[PDB]
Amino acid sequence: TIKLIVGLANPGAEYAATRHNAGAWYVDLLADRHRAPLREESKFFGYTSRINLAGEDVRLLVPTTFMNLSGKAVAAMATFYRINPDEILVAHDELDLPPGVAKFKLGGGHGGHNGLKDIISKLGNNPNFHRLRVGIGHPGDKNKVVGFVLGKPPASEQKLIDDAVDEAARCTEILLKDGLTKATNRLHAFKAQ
């Protein structure tokens, strides 16, 4: 069961269009599709909502922390509602997947993502939460990652990411209603088959 879906972000209009906000794009779409608009809730350091997904009560969070303090919002909300790490799905931009691809993951490393690193920390050094990895591709120069994730994608890459986010939203209904195997069998086939 998933009780909390988190879309990682930096705050402000300055970052709303940047690759590092890709997880928030996903959560914004869930909010739109379930007619549950995200609104500031300062005790959880973010924007929150609540949706019915496949007959299950699921809370939404897009932090208003800087990305490196995402764990403060996720822990405050998870602790308040007595939600355990394994009941959290964290959506984030993923350098290791191309634009147009998304995958689910349970546990594993942060892939150098400053928001995942802070969540692992603030959940009690527990990496065993679900992730939605939204592919953004990688810069050619591994030195220039910050400039890349804090950049706006070109329109052709934005359209691919929007398509992957749309598919991941559709697969989230399946994840809640029929489980992680079924949701993964669909999502990981999206550009693979």
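A residue's number is simply how far along the shown sequence it sits, counting from 1.
Visitor: Between 47 to 55 and 144 to 152, name whichever shows the higher mean Cα B factor according to the PDB entry.
Guide: For C-alpha atoms only, the mean B-factor is higher in 47 to 55.
Visitor: Should the higher mean CA B-factor in the entry be assigned to 125 to 133 or to 35 to 43?
Guide: Result of the comparison: 35 to 43.
Visitor: For residue 113, return the chain-relative third of its C-alpha B-factor as stated in the PDB record: lowest, middle or highest.
Guide: Ranked within chain, residue 113 CA B lands in the middle tercile.
Visitor: Can you tell me whether residue 9 has a C-alpha B-factor in the lowest, middle or highest third compared with the other modelled residues of the same chain?
Guide: Lowest third - that is where residue 9 ends up once the chain's C-alpha B-factors are sorted.
Visitor: Relative to the other modelled residues in the chain, which third contains the C-alpha temperature factor of residue 82: lowest, middle or highest?
Guide: Highest third of the chain for residue 82's C-alpha B-factor.
Visitor: When the deposited Cα B-factors of this chain's modelled residues are ordered and cut into thirds, is residue 20 in the lowest, the middle or the highest one?
Guide: For residue 20, whose C-alpha B-factor we compare with every modelled residue in the chain, the answer is the middle third.
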